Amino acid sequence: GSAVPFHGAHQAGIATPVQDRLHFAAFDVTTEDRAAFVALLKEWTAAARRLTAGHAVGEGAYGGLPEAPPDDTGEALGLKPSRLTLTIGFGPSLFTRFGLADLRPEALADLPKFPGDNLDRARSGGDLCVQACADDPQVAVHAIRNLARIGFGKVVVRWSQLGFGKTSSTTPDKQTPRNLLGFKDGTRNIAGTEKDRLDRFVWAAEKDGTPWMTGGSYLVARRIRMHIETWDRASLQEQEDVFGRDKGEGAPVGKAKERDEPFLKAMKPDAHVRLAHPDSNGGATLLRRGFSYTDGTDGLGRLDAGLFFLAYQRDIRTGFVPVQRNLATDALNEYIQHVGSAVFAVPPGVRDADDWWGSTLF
């Protein structure tokens, strides 16, 4: 029920143990006034310091002047911090504002079009994002709702995504969660304790060419629909062949235990794991941090559900992009469709109680 520290060299919510729930919001900026946006960033940081400690924003949820609206909307009263993290990111489109054009990081690359894409533009992109992760979905929702309210008049919510359960791990010592295809998802990721791998594959360094981003990371979000009806008709062997792992234990093919290292040549040439593995991608490695979603029905008798994929990396160009390109022939493609997309530069951490989101940029 405990708290994750908000301050650090890095933002929390990346290497941190993956919490059970997600509320992710993409915002568009409506002010053209740089000072006003800086003011918002500071007010949001202050709010985030309270929220992540389980406290109400501002002057609280009640007990203020009767004629004033409460500063905090109140639906988290009585709850716990619940490992809430709030992680901000800046989209490419933000850099067209506030005289920022020349500070857009080269490693914040626009994604190419990928075969199969059916992207909903209204649920793609965004000038900025806030990732709220917590074990209690109401804590996460409360955070986003209050940050949106604070930003009234300066930002709007472009799109938002609830993730009801995690499909990712940065803690290999704990149980790997399952996605809605019924497979464990997160076995071979990056652990929060793997400081060398995080430096190599996740955190931007000053020498990479964008100083303000040192200690930050780059995020790719992909809303991925699952063709549940088609999947659920497939045989056990078909499903296992798609991935290259068995379903129940989640071991690589021919192995008895989940965390045994794969022998890729024993998997089908189009197996997901074989195509996604670093060895198949010139060493490219991701920190995957996604969650499952369900968004009602298709209007035509079927549940709609999928996976809101999130990947952190030191450079989009050496992380997500090469790996996704190598999934052009993936056997998984029969059963999924990417339907939303965004990229964001996630700045370095809030160093202390005087610091503020985006201070290295602004």
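Numbering starts at 1 and runs along the sequence shown.
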- Comparing mean C-alpha B factor in the record for 282-290 and 91-99, the higher one is 91-99
- Message: Regarding 31-39 and 48-56, which shows the higher C-alpha temperature factor on average in the entry?
- Response: 31-39
- Item | Out of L84, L79, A251, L180, highest CA B-factor residue | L79
- Note on the structure: Reading the B-factor column for Cα atoms of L332, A311, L307, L300, the highest value belongs to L300
- Among modelled residues of the same chain, the CA temperature factor third for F114: highest
- Task: Name the third of the chain's ranked CA B-factors that contains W356, choosing lowest, middle or highest.
- Result: middle
- Message: Please place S169 in the lowest, middle or highest third of its chain according to the CA B-factor in the PDB entry.
- Response: lowest
- Third of the chain's Cα B-factor distribution that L275 belongs to, per the entry: middle
- Message: Ranking every modelled residue in this chain by its Cα temperature factor as given in the entry, which third contains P262?
- Response: middle
